[PDB]
Amino acid sequence: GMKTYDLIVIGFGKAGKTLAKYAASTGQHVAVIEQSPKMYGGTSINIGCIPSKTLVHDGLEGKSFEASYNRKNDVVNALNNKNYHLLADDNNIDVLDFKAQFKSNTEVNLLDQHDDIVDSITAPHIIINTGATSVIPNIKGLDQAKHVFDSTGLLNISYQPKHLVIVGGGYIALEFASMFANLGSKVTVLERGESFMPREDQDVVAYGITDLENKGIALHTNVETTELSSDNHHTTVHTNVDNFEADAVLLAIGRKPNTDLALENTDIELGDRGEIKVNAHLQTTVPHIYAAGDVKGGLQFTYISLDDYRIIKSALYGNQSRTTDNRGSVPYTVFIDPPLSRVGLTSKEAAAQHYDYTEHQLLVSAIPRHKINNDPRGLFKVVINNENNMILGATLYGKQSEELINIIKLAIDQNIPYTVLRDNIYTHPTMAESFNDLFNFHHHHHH
Amino acid sequence: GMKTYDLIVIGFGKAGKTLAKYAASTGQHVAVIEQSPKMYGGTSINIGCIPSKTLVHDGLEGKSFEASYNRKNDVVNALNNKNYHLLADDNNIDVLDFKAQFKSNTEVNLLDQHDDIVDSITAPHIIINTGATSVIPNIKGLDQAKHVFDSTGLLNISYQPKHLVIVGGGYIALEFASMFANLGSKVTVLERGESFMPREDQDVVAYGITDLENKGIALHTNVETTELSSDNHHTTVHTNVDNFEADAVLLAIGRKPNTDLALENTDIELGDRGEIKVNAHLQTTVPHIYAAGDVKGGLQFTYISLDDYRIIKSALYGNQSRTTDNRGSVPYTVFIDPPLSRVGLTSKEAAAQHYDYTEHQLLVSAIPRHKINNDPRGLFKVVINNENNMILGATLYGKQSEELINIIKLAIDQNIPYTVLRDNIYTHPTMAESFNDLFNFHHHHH
Ligand SMILES: Cc1cc2nc3c(=O)[nH]c(=O)nc-3n(C[C@H](O)[C@H](O)[C@H](O)COP(=O)(O)OP(=O)(O)OC[C@H]3O[C@@H](n4cnc5c(N)ncnc54)[C@H](O)[C@@H]3O)c2cc1C
Ligand SMILES: Cc1cc2nc3c(=O)[nH]c(=O)nc-3n(C[C@H](O)[C@H](O)[C@H](O)COP(=O)(O)OP(=O)(O)OC[C@H]3O[C@@H](n4cnc5c(N)ncnc54)[C@H](O)[C@@H]3O)c2cc1C
Ligand code: NI
Ligand code: NI
C-alpha cells in the first residue's frame with residue numbers, strides 16, 4: 001500500500017505483458033511483478049512454445065542435438081532480453097523483481113529470495129497472470145530419483161539421453177517424443193489411459209501412431225507407474241507392464257494453475273480444478289481483480305492468454321463487449337511430425353450432437369505438393385453441416401497445417417460456406433490449394 | 001471428322017484434363033489430343049511449377065545439385081504417369097498421341113511426328129488448351145550458340161553450371177537465379193529495363209534485391225544483350241555493360257501463346273499479343289470453340305487455367321454465371337528465397353487509383369517465429385481502404401507467404417475488414433499470428 005500504481009500485473013505472462021504495455025501507452029503507471037529473471041517474457045519465450053519449437057524445427061533439418069540446444073539458448077536469451085527491455089525501458093512501467101503474495105484484497109506484498117516481505121504496493125486494479133506449473137505425480141522414489149525432468153528441466157538438459165522414457169501421453173508429451181526422436185534419441189511413451197489422443201479423429205490418430213512408430217518410438221497404453229529407481233547412470237520406471245530403463249525420464253502428465261499467492265488473505269475463490277474462478281469478463285470473485293492465462297483454468301495456449309488481454313482491455317478500457325463466450329473458434333496444433341492441427345468438431349462429435357453432417361478426407365499422398373515436400377505422410381479431414389453448408393470442423397494432419405488451419409478458423413467464424421473454399425483460386429504449388437479437393441464433395445445426408 | 005466425340009480437348013493442360021475428367025463423369029465421350037508423352041499432365045507437371053519448386057525445395061535443404069535433379073526426375077515421371085492413366089484408364093476418355101491442327105471450324109486433323117495427317121475427328125464442342133512457349137529473342141549468334149537453354153532445357157540440364165547467365169529479369173528468371181544459387185552455381189542476371197520487379201512494392205523489392213545479392217547473385221539493369229558466341233565448353237554473353245563468360249545461358253524473357261493450330265482453316269481470331277481472342281465465357285470467335293489457360297492471353301498461372309475449367313464447365317453444363325469478370329482476387333507468389341507473395345494493390349497503385357488508404361508494414365525480424373525458422377529476412381506490407389476498412393492488397397515477403405497470402409485473398413473477396421484479422425486468435429508459434437501485429441494500426445488519411 002506504500003507505493004501506489006494505476007495497475008498491477010502479477011506475472012510476466014502473455015496477457016500481462018501485453019496489457020501492461022497498452023496501459024502504459026495511455027499514460028497509466030504500471031507495476032509488473034515477476035519472480036524470476038529467467039522468465040522475462042513468460043512461459044512461451046523461456047520454457048515453452050519458443051524453445052520447444054526451435055528444437056522441433058532444427059531437428060527436422062537434421063541438426064545435431066548439441067547444435068540445436070545451443071541455438072535454442074541463443075534464441076531464448078535474445079527474446080528474454082528484448083521482452084524485458086520492452087517493458088522496463090518504458091517510463092510508465094516498473095518491472096519489479098520479486099515474488100508477489102497478497103496482503104489483502106487491495107495490497108500486494110513483494111518478497112525477496114528469502115521469502116521475506118521487503119515492500120508492499122497497491123493499485124485500483126490487479127491482474128493475476130501467474131501461469132501454470134508441471135504436475136508432480138505421487139510416485140514412490142520420485143523425490144530422490146536422478147535423471148528425472150519436467151518440461152522445463154528437459155529443455156535445459158546438459159546431455160543427450162540415449163533413451164528417453166516419457167511418463168504421460170498427452171499432446172506436450174507427444175511433441176517431446178517426436179522432438180527427441182528426430183534428434184536421434186530412442187523414446188518410449190507411457191500413457192495411463194486406453195488410447196493416445198482420444199478426442200481427436202480416430203482415422204487421423206491411426207496414421208499419427210503409425211508415423212510415430214515408424215520413427216522407432218514405442219507407445220504403451222494402460223500403463224500404471226508404481227515406482228522410480230535410479231543409478232548414477234540410469235533411471236528405471238517400474239510399471240504394471242514392465243520395468244523401463246532410461247537415461248532420462250520426462251514427467252509430462254499435466255500443468256496446474258500457479259496460485260501460490262497467499263489467497264487466504266483475500267476473498268479470491270478457487271475452483272474444483274485448482275483454478276482461479278473467473279466470470280465471462282475474467283473478473284475474480286473480487287471485482288477489481290482479474291485473472292488471465294493458464295491460472296484461470298481451461299485451455300492452456302499462448303493465444304488464449306493473448307485473447308484474455310483483449311477481454312480485460314475491453315472490460316477496463318473499452319466497451320466491455322469481449323468475453324470468454326465470444327472468442328470465436330479456437331484452433332490448435334499438436335506439434336508431432338507432421339503437425340496435427342484442429343478447429344471445431346470431429347465427425348464423431350458432429351454425429352453425437354445429431355448434426356446432419358458430411359465428412360470428407362484427403363490423404364496427403366494425394367496432394368501433389370507433397371512430392372515437392374518429399375513427405376507423403378498425413379491426412380486432411382473436414383466436417384460440414386448439410387443444413388447450411390457451413391464448416392463444423394477440420395483436422396489437418398500434415399505439413400503446413402499449423403498455418404492452414406487458420407484459414408478454416410476464419411471461415412467458421414465468418415460463416416463462409418465450404419463451397420467457397422472448394423471453388424477458390426489458391427496459389428500454386430502449395431498445401432493450401434489442396435482445399436480445392438478437400439472440399440470437393442456433395443452432401444451425404446444422415447437422419 | 002471420321003470419328004465423333006462429345007467433346008474434344010486439344011492439349012493435356014490444366015483446364016483441359018480437369019474438364020475431360022468432369023465431362024467423362026457425366027457419361028460424355030471425350031478425346032484429349034496431346035502432342036508429346038513428355039507432357040501428360042501439362043506444363044505444371046513436366047516443365048514448370050512442379051519440377052522448378054522441387055529444385056527450389058531441395059536446394060533450400062542443402063541437397064546437392066545431382067541429388068536434387070535426380071529426385072526431380074522421379075517426381076516428374078511419377079506424376080506424368082499418374083496423370084496419363086487418370087485420363088487414359090477412364091472408359092469415356094481417349095488420350096490421342098498426335099499434334100492437333102484444325103481442318104475447319106468443326107473437325108480437327110491429327111498429325112504424326114512428321115506433320116503428316118493420319119486421321120481427323122469432330123465434336124460439337126472443342127476446347128483449345130495448348131499453353132504457351134518460351135519467347136526466343138533475336139540475338140546475333142543464337143542460331144549456332146552452344147550451352148544456351150530455355151526454362152525447359154535448363155530443368156533438364158545434364159550438368160551443373162559453374163556460372164549460369166540469365167538473360168531476363170522477370171519472375172521466372174529470378175526464381176531460377178535463387179534456385180541455382182542455392183544449389184551452388186554462380187548466377188548473373190541481366191535485365192534490359194531499369195529495375196527488377198517494377199510492378200511490386202519498391203520497399204519490398206529493395207529487401208529482395210539485398211537478399212539475392214547476399215547470395216552472391218550478380219544483378220544488372222539496363223542491359224542490352226547484343227551477341228552470343230561459344231566454345232566447346234563456354235558461351236560468351238556479349239553486352240553493353242561487359243561480356244560475361246558462362247558455361248550455361250538461360251533465355252527467360254517471356255512466354256507466348258502456342259497457337260500453331262492451322263487457325264487459317266477456321267474463323268478463330270487472334271489478339272494483338274498472339275493470344276486467342278475470347279469473351280468473358282472463354283468462347284473464341286467460333287461459338288462452339290473455347291480456349292483455356294495461357295493460350296488465351298493474360299495471366300499465366302496453373303490456377304488461372306484451373307479457374308478457366310470452372311468457367312467453361314459453368315458455360316457448357318451449369319448456369320453460365322461464371323466468367324473471367326468474377327474470378328475474385330488473384331494472388332500470386334514469386335518463388336525467390338524467401339517467397340514474395342502478393343494479392344490486390346500496392347500502396348503506389350492505391351495512391352494512383354485515388355484511394356484514401358493506409359499502409360502498414362512489419363519486418364520479418366520483428367516476428368518471433370522468425371527465430372524458430374532461423375531466418376530474419378523479409379517484409380510484410382498491407383494496404384487498406386480507409387473508407388470501409390477493407391483490405392486493398394498485401395505483399396508478404398518471407399517464409400510461409402505462399403500459404404499465408406491465401407488468408408488475405410479470402411478476406412478481400414468476402415469483405416472481411418482488416419480489424420477482424422488484427423483481432424483474431426491464431427495458432428502459435430506460426431507465421432500467421434504475425435497478422436495480430438501486421439494489421440495493428442490506425443488510419444493515415446491521404
Ligand atoms: C513445453 C510446452 C510447450 C508449449 N507449446 C505451446 C504451443 O505450441 N502453443 C501454445 O499456444 N501454447 C503452448 N504452450 C502453453 C503456453 O506456453 C502457455 O499456455 C502460456 O504461455 C501461458 O501464459 P500465461 O500468460 O498464462 O502465463 P506465463 O507465460 O506462464 O507467465 C506467468 C509468469 O508469472 C510468474 N509468476 C508466477 N507466480 C508468481 C508470483 N507469485 N510472483 C511473481 N511472478 C510470478 C512466472 O515466473 C511466469 O513468468 C506450451 C507449454 C509448454 C510447457
Ligand atoms: C518455369 C516455370 C515455372 C512456373 N511456375 C509457376 C508457379 O509456381 N505457379 C503457377 O501458378 N504457374 C507457374 N507457371 C505457369 C504455369 O505452368 C502455366 O501458366 C500453366 O501450367 C499453363 O497451363 P495450361 O492449361 O495453359 O496448358 P499447359 O499445361 O501448358 O498444357 C498445354 C499442352 O498442350 C500441348 N499442345 C500444344 N500444342 C498442341 C497441339 N497442336 N496438339 C496437341 N497438343 C498440343 C502441350 O504439349 C501441353 O501439354 C510456371 C511456368 C514456367 C515455365
Ligand atoms: Ni443435401
Ligand atoms: Ni479515419
# chains A, B, ... in the order shown; residues from 1 in each chain; ligands from 1
>>> residues_around(residues="residue B:2", least_positions_apart="6", cutoff="12 Å", atoms="only C-alpha atoms", output="number ranges by chain")
B: 103, 106-110, 118-123
>>> write_last_selection(atoms="N, CA and C atoms", output="PDB file, in the first residue's frame")
ATOM      1  N   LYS B 103      -8.777 -28.736 -89.248  1.00  0.00           N
ATOM      2  CA  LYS B 103      -9.168 -28.905 -90.639  1.00  0.00           C
ATOM      3  C   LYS B 103     -10.208 -27.875 -91.061  1.00  0.00           C
ATOM      4  N   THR B 106     -15.132 -27.257 -87.593  1.00  0.00           N
ATOM      5  CA  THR B 106     -15.795 -28.373 -86.934  1.00  0.00           C
ATOM      6  C   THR B 106     -14.995 -29.667 -86.857  1.00  0.00           C
ATOM      7  N   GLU B 107     -13.815 -29.766 -87.467  1.00  0.00           N
ATOM      8  CA  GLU B 107     -13.073 -31.011 -87.323  1.00  0.00           C
ATOM      9  C   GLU B 107     -11.585 -30.734 -87.207  1.00  0.00           C
ATOM     10  N   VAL B 108     -10.905 -31.651 -86.525  1.00  0.00           N
ATOM     11  CA  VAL B 108      -9.523 -31.484 -86.101  1.00  0.00           C
ATOM     12  C   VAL B 108      -8.699 -32.590 -86.744  1.00  0.00           C
ATOM     13  N   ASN B 109      -7.686 -32.201 -87.513  1.00  0.00           N
ATOM     14  CA  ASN B 109      -6.732 -33.163 -88.051  1.00  0.00           C
ATOM     15  C   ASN B 109      -5.776 -33.629 -86.955  1.00  0.00           C
ATOM     16  N   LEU B 110      -5.359 -34.891 -87.052  1.00  0.00           N
ATOM     17  CA  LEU B 110      -4.397 -35.497 -86.139  1.00  0.00           C
ATOM     18  C   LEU B 110      -3.120 -35.767 -86.922  1.00  0.00           C
ATOM     19  N   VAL B 118      -2.870 -38.093 -90.265  1.00  0.00           N
ATOM     20  CA  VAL B 118      -3.186 -39.503 -90.085  1.00  0.00           C
ATOM     21  C   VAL B 118      -4.690 -39.742 -90.090  1.00  0.00           C
ATOM     22  N   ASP B 119      -5.443 -38.886 -89.411  1.00  0.00           N
ATOM     23  CA  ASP B 119      -6.896 -39.001 -89.390  1.00  0.00           C
ATOM     24  C   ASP B 119      -7.467 -37.671 -88.916  1.00  0.00           C
ATOM     25  N   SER B 120      -8.782 -37.645 -88.699  1.00  0.00           N
ATOM     26  CA  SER B 120      -9.465 -36.443 -88.256  1.00  0.00           C
ATOM     27  C   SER B 120     -10.640 -36.844 -87.379  1.00  0.00           C
ATOM     28  N   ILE B 121     -11.024 -35.938 -86.483  1.00  0.00           N
ATOM     29  CA  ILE B 121     -12.116 -36.179 -85.553  1.00  0.00           C
ATOM     30  C   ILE B 121     -12.951 -34.912 -85.440  1.00  0.00           C
ATOM     31  N   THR B 122     -14.178 -35.078 -84.950  1.00  0.00           N
ATOM     32  CA  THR B 122     -15.077 -33.954 -84.751  1.00  0.00           C
ATOM     33  C   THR B 122     -15.846 -34.131 -83.450  1.00  0.00           C
ATOM     34  N   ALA B 123     -16.378 -33.014 -82.957  1.00  0.00           N
ATOM     35  CA  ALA B 123     -17.201 -32.978 -81.757  1.00  0.00           C
ATOM     36  C   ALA B 123     -17.989 -31.678 -81.763  1.00  0.00           C
TER      37      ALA B 123
END
>>> closest_atom_pairs(of="chain B", to="ligand 4", cutoff="8 Å", atoms="only C-alpha atoms and all ligand atoms", output="JSON lines")
{"residue": "B:386", "atom": "CA", "partner": "ligand 4", "partner_atom_place_in_ligand_line": "1 (Ni)", "distance": 6.0}
{"residue": "B:387", "atom": "CA", "partner": "ligand 4", "partner_atom_place_in_ligand_line": "1 (Ni)", "distance": 7.7}
{"residue": "B:442", "atom": "CA", "partner": "ligand 4", "partner_atom_place_in_ligand_line": "1 (Ni)", "distance": 7.4}
{"residue": "B:443", "atom": "CA", "partner": "ligand 4", "partner_atom_place_in_ligand_line": "1 (Ni)", "distance": 4.8}
{"residue": "B:444", "atom": "CA", "partner": "ligand 4", "partner_atom_place_in_ligand_line": "1 (Ni)", "distance": 6.9}
{"residue": "B:445", "atom": "CA", "partner": "ligand 4", "partner_atom_place_in_ligand_line": "1 (Ni)", "distance": 6.3}
>>> select_by_dssp(residues="stretch 69-197 of chain B", states="strand (DSSP E or B)", output="ChimeraX atom specification")
/B:93-97,99-102,107-111,117-122,126-128,132-134,140,148-149,163-167,186-190
>>> write_last_selection(atoms="N, CA, C and O atoms", output="compact mmCIF listing (two decimals), in the first residue's frame")
# COMPACT_ATOMS: atom_id res chain seq x y z
N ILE B 93 -12.78 -41.65 -71.93
CA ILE B 93 -11.76 -40.73 -72.42
C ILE B 93 -10.74 -41.47 -73.27
O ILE B 93 -10.20 -42.51 -72.84
N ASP B 94 -10.43 -40.93 -74.45
CA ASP B 94 -9.32 -41.41 -75.26
C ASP B 94 -8.23 -40.34 -75.25
O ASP B 94 -8.48 -39.19 -75.64
N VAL B 95 -7.03 -40.71 -74.83
CA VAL B 95 -5.88 -39.82 -74.94
C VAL B 95 -5.21 -40.12 -76.28
O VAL B 95 -4.74 -41.23 -76.52
N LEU B 96 -5.21 -39.13 -77.18
CA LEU B 96 -4.77 -39.34 -78.56
C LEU B 96 -3.39 -38.71 -78.74
O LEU B 96 -3.23 -37.49 -78.55
N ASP B 97 -2.40 -39.54 -79.08
CA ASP B 97 -0.99 -39.13 -79.20
C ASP B 97 -0.73 -38.57 -80.60
O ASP B 97 -0.18 -39.24 -81.48
N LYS B 99 -0.25 -34.45 -82.84
CA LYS B 99 -0.37 -32.99 -82.87
C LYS B 99 -1.67 -32.61 -83.57
O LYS B 99 -1.92 -33.05 -84.70
N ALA B 100 -2.50 -31.83 -82.89
CA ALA B 100 -3.75 -31.36 -83.47
C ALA B 100 -3.52 -30.14 -84.34
O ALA B 100 -2.74 -29.25 -83.98
N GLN B 101 -4.18 -30.10 -85.50
CA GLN B 101 -4.38 -28.86 -86.23
C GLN B 101 -5.79 -28.88 -86.79
O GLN B 101 -6.31 -29.94 -87.15
N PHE B 102 -6.41 -27.70 -86.85
CA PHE B 102 -7.77 -27.61 -87.37
C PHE B 102 -7.82 -27.90 -88.86
O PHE B 102 -7.02 -27.38 -89.64
N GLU B 107 -13.81 -29.77 -87.47
CA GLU B 107 -13.07 -31.01 -87.32
C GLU B 107 -11.58 -30.73 -87.21
O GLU B 107 -11.07 -29.73 -87.70
N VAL B 108 -10.90 -31.65 -86.53
CA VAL B 108 -9.52 -31.48 -86.10
C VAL B 108 -8.70 -32.59 -86.74
O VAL B 108 -8.99 -33.78 -86.56
N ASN B 109 -7.69 -32.20 -87.51
CA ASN B 109 -6.73 -33.16 -88.05
C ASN B 109 -5.78 -33.63 -86.96
O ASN B 109 -5.39 -32.86 -86.07
N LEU B 110 -5.36 -34.89 -87.05
CA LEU B 110 -4.40 -35.50 -86.14
C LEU B 110 -3.12 -35.77 -86.92
O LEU B 110 -3.15 -36.50 -87.91
N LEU B 111 -2.01 -35.16 -86.50
CA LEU B 111 -0.76 -35.23 -87.25
C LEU B 111 0.22 -36.16 -86.54
O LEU B 111 0.30 -36.17 -85.30
N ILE B 117 -0.81 -35.86 -91.94
CA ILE B 117 -2.15 -36.08 -91.41
C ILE B 117 -2.46 -37.58 -91.42
O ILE B 117 -2.31 -38.25 -92.45
N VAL B 118 -2.87 -38.09 -90.27
CA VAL B 118 -3.19 -39.50 -90.08
C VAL B 118 -4.69 -39.74 -90.09
O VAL B 118 -5.17 -40.71 -90.68
N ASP B 119 -5.44 -38.89 -89.41
CA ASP B 119 -6.90 -39.00 -89.39
C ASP B 119 -7.47 -37.67 -88.92
O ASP B 119 -6.74 -36.69 -88.75
N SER B 120 -8.78 -37.65 -88.70
CA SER B 120 -9.46 -36.44 -88.26
C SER B 120 -10.64 -36.84 -87.38
O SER B 120 -11.19 -37.94 -87.51
N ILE B 121 -11.02 -35.94 -86.48
CA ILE B 121 -12.12 -36.18 -85.55
C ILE B 121 -12.95 -34.91 -85.44
O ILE B 121 -12.51 -33.81 -85.79
N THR B 122 -14.18 -35.08 -84.95
CA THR B 122 -15.08 -33.95 -84.75
C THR B 122 -15.85 -34.13 -83.45
O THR B 122 -15.95 -35.23 -82.91
N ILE B 126 -15.25 -27.94 -78.81
CA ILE B 126 -13.81 -28.12 -78.88
C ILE B 126 -13.19 -27.12 -77.91
O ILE B 126 -13.57 -25.94 -77.91
N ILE B 127 -12.25 -27.58 -77.09
CA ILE B 127 -11.57 -26.75 -76.11
C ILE B 127 -10.10 -26.67 -76.50
O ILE B 127 -9.43 -27.71 -76.58
N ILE B 128 -9.61 -25.46 -76.79
CA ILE B 128 -8.18 -25.26 -77.06
C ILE B 128 -7.47 -24.99 -75.74
O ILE B 128 -7.75 -24.00 -75.07
N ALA B 132 1.57 -22.15 -73.61
CA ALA B 132 2.48 -21.13 -74.12
C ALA B 132 3.88 -21.74 -74.26
O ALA B 132 4.14 -22.84 -73.78
N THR B 133 4.77 -21.01 -74.93
CA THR B 133 6.15 -21.46 -75.07
C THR B 133 7.09 -20.28 -74.86
O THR B 133 6.72 -19.12 -75.05
N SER B 134 8.34 -20.59 -74.50
CA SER B 134 9.32 -19.54 -74.25
C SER B 134 9.51 -18.67 -75.48
O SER B 134 9.63 -19.16 -76.61
N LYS B 140 22.14 -11.91 -82.10
CA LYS B 140 23.16 -12.38 -83.02
C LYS B 140 23.93 -13.55 -82.44
O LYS B 140 24.40 -13.50 -81.30
N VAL B 148 23.10 -22.92 -74.53
CA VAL B 148 22.00 -21.98 -74.33
C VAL B 148 20.72 -22.77 -74.12
O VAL B 148 20.44 -23.71 -74.87
N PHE B 149 19.93 -22.37 -73.11
CA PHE B 149 18.74 -23.11 -72.72
C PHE B 149 17.57 -22.15 -72.53
O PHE B 149 17.75 -20.98 -72.20
N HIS B 163 28.74 -21.37 -63.80
CA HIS B 163 28.28 -19.99 -63.91
C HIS B 163 27.14 -19.98 -64.91
O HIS B 163 27.34 -20.23 -66.10
N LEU B 164 25.94 -19.70 -64.40
CA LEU B 164 24.73 -19.56 -65.19
C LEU B 164 24.49 -18.07 -65.40
O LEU B 164 24.42 -17.31 -64.43
N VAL B 165 24.40 -17.65 -66.66
CA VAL B 165 24.00 -16.28 -67.01
C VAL B 165 22.55 -16.33 -67.46
O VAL B 165 22.21 -17.10 -68.37
N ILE B 166 21.70 -15.53 -66.84
CA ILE B 166 20.28 -15.49 -67.18
C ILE B 166 20.01 -14.21 -67.95
O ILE B 166 20.20 -13.10 -67.43
N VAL B 167 19.56 -14.35 -69.20
CA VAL B 167 19.10 -13.22 -70.00
C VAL B 167 17.61 -13.05 -69.71
O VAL B 167 16.79 -13.83 -70.19
N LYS B 186 27.17 -20.15 -59.48
CA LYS B 186 27.18 -18.70 -59.55
C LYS B 186 26.19 -18.26 -60.63
O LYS B 186 26.07 -18.92 -61.67
N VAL B 187 25.47 -17.18 -60.36
CA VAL B 187 24.42 -16.70 -61.24
C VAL B 187 24.61 -15.20 -61.50
O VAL B 187 24.90 -14.43 -60.58
N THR B 188 24.46 -14.81 -62.76
CA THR B 188 24.39 -13.41 -63.18
C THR B 188 23.05 -13.22 -63.87
O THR B 188 22.68 -14.05 -64.71
N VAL B 189 22.34 -12.16 -63.51
CA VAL B 189 21.01 -11.87 -64.07
C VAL B 189 21.07 -10.56 -64.85
O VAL B 189 21.52 -9.54 -64.32
N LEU B 190 20.59 -10.59 -66.09
CA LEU B 190 20.67 -9.44 -66.99
C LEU B 190 19.26 -8.97 -67.31
O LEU B 190 18.47 -9.71 -67.92
>>> residues_around(residues="residue A:441", least_positions_apart="2", cutoff="12 Å", atoms="only C-alpha atoms", output="PDB file with C-alpha atoms, in the first residue's frame")
ATOM      1  CA  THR A 358     -20.991 -34.746 -44.244  1.00  0.00           C
ATOM      2  CA  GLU A 359     -17.343 -35.685 -43.743  1.00  0.00           C
ATOM      3  CA  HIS A 360     -14.678 -35.777 -46.431  1.00  0.00           C
ATOM      4  CA  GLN A 361     -10.998 -36.632 -46.375  1.00  0.00           C
ATOM      5  CA  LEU A 362      -7.852 -36.312 -48.463  1.00  0.00           C
ATOM      6  CA  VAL A 382     -13.351 -31.875 -42.812  1.00  0.00           C
ATOM      7  CA  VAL A 383     -16.872 -31.986 -41.344  1.00  0.00           C
ATOM      8  CA  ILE A 384     -19.634 -29.761 -42.707  1.00  0.00           C
ATOM      9  CA  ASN A 386     -25.556 -30.094 -44.603  1.00  0.00           C
ATOM     10  CA  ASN A 389     -23.186 -25.705 -45.864  1.00  0.00           C
ATOM     11  CA  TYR A 418     -17.483 -24.806 -47.600  1.00  0.00           C
ATOM     12  CA  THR A 419     -18.361 -24.301 -51.263  1.00  0.00           C
ATOM     13  CA  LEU A 421     -13.239 -22.795 -50.090  1.00  0.00           C
ATOM     14  CA  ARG A 422     -13.898 -25.567 -52.629  1.00  0.00           C
ATOM     15  CA  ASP A 423     -14.106 -23.156 -55.570  1.00  0.00           C
ATOM     16  CA  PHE A 435      -8.666 -27.260 -50.378  1.00  0.00           C
ATOM     17  CA  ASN A 436      -9.959 -27.435 -53.966  1.00  0.00           C
ATOM     18  CA  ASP A 437     -10.038 -31.225 -53.479  1.00  0.00           C
ATOM     19  CA  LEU A 438     -10.552 -31.446 -49.709  1.00  0.00           C
ATOM     20  CA  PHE A 439     -13.846 -29.554 -50.019  1.00  0.00           C
ATOM     21  CA  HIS A 443     -23.998 -33.964 -49.197  1.00  0.00           C
ATOM     22  CA  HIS A 444     -24.185 -37.377 -47.522  1.00  0.00           C
TER      23      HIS A 444
END
>>> closest_residue(among="B:300, B:222, B:54, B:265", to="ligand 2", atoms="only C-alpha atoms and all ligand atoms")
B:300
>>> decode(residues="stretch 409-423 of chain B", atoms="N, CA, C and O atoms", output="PDB file, in the first residue's frame")
ATOM      1  N   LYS B 409      -6.377 -13.192 -49.452  1.00  0.00           N
ATOM      2  CA  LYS B 409      -7.262 -13.318 -50.610  1.00  0.00           C
ATOM      3  C   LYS B 409      -8.702 -13.548 -50.163  1.00  0.00           C
ATOM      4  O   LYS B 409      -9.635 -12.901 -50.658  1.00  0.00           O
ATOM      5  N   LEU B 410      -8.902 -14.495 -49.236  1.00  0.00           N
ATOM      6  CA  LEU B 410     -10.250 -14.786 -48.760  1.00  0.00           C
ATOM      7  C   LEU B 410     -10.880 -13.563 -48.105  1.00  0.00           C
ATOM      8  O   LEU B 410     -12.062 -13.275 -48.324  1.00  0.00           O
ATOM      9  N   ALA B 411     -10.108 -12.828 -47.296  1.00  0.00           N
ATOM     10  CA  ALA B 411     -10.659 -11.653 -46.624  1.00  0.00           C
ATOM     11  C   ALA B 411     -11.080 -10.586 -47.626  1.00  0.00           C
ATOM     12  O   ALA B 411     -12.132  -9.949 -47.459  1.00  0.00           O
ATOM     13  N   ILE B 412     -10.265 -10.357 -48.664  1.00  0.00           N
ATOM     14  CA  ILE B 412     -10.643  -9.373 -49.676  1.00  0.00           C
ATOM     15  C   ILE B 412     -11.952  -9.777 -50.348  1.00  0.00           C
ATOM     16  O   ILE B 412     -12.885  -8.972 -50.466  1.00  0.00           O
ATOM     17  N   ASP B 413     -12.047 -11.041 -50.782  1.00  0.00           N
ATOM     18  CA  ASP B 413     -13.224 -11.472 -51.538  1.00  0.00           C
ATOM     19  C   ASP B 413     -14.483 -11.420 -50.687  1.00  0.00           C
ATOM     20  O   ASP B 413     -15.565 -11.058 -51.179  1.00  0.00           O
ATOM     21  N   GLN B 414     -14.372 -11.794 -49.416  1.00  0.00           N
ATOM     22  CA  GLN B 414     -15.534 -11.932 -48.553  1.00  0.00           C
ATOM     23  C   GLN B 414     -15.816 -10.673 -47.741  1.00  0.00           C
ATOM     24  O   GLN B 414     -16.706 -10.695 -46.882  1.00  0.00           O
ATOM     25  N   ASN B 415     -15.134  -9.560 -48.049  1.00  0.00           N
ATOM     26  CA  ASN B 415     -15.344  -8.271 -47.372  1.00  0.00           C
ATOM     27  C   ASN B 415     -15.209  -8.407 -45.851  1.00  0.00           C
ATOM     28  O   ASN B 415     -16.062  -7.965 -45.069  1.00  0.00           O
ATOM     29  N   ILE B 416     -14.109  -9.030 -45.439  1.00  0.00           N
ATOM     30  CA  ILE B 416     -13.737  -9.118 -44.030  1.00  0.00           C
ATOM     31  C   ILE B 416     -12.817  -7.940 -43.716  1.00  0.00           C
ATOM     32  O   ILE B 416     -11.734  -7.843 -44.307  1.00  0.00           O
ATOM     33  N   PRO B 417     -13.199  -7.038 -42.823  1.00  0.00           N
ATOM     34  CA  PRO B 417     -12.380  -5.844 -42.594  1.00  0.00           C
ATOM     35  C   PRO B 417     -11.070  -6.204 -41.919  1.00  0.00           C
ATOM     36  O   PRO B 417     -10.944  -7.245 -41.277  1.00  0.00           O
ATOM     37  N   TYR B 418     -10.067  -5.337 -42.105  1.00  0.00           N
ATOM     38  CA  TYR B 418      -8.732  -5.663 -41.611  1.00  0.00           C
ATOM     39  C   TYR B 418      -8.709  -5.824 -40.097  1.00  0.00           C
ATOM     40  O   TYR B 418      -7.821  -6.502 -39.567  1.00  0.00           O
ATOM     41  N   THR B 419      -9.690  -5.244 -39.403  1.00  0.00           N
ATOM     42  CA  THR B 419      -9.732  -5.340 -37.946  1.00  0.00           C
ATOM     43  C   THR B 419     -10.059  -6.752 -37.465  1.00  0.00           C
ATOM     44  O   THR B 419      -9.679  -7.123 -36.346  1.00  0.00           O
ATOM     45  N   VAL B 420     -10.775  -7.544 -38.265  1.00  0.00           N
ATOM     46  CA  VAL B 420     -11.030  -8.937 -37.896  1.00  0.00           C
ATOM     47  C   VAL B 420      -9.726  -9.731 -37.906  1.00  0.00           C
ATOM     48  O   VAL B 420      -9.456 -10.539 -37.002  1.00  0.00           O
ATOM     49  N   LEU B 421      -8.888  -9.510 -38.920  1.00  0.00           N
ATOM     50  CA  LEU B 421      -7.598 -10.195 -38.968  1.00  0.00           C
ATOM     51  C   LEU B 421      -6.660  -9.675 -37.886  1.00  0.00           C
ATOM     52  O   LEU B 421      -5.830 -10.435 -37.361  1.00  0.00           O
ATOM     53  N   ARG B 422      -6.799  -8.401 -37.507  1.00  0.00           N
ATOM     54  CA  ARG B 422      -5.999  -7.862 -36.413  1.00  0.00           C
ATOM     55  C   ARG B 422      -6.325  -8.558 -35.091  1.00  0.00           C
ATOM     56  O   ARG B 422      -5.430  -8.857 -34.290  1.00  0.00           O
ATOM     57  N   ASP B 423      -7.602  -8.807 -34.842  1.00  0.00           N
ATOM     58  CA  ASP B 423      -8.052  -9.241 -33.521  1.00  0.00           C
ATOM     59  C   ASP B 423      -8.218 -10.756 -33.397  1.00  0.00           C
ATOM     60  O   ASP B 423      -8.605 -11.241 -32.323  1.00  0.00           O
TER      61      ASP B 423
END
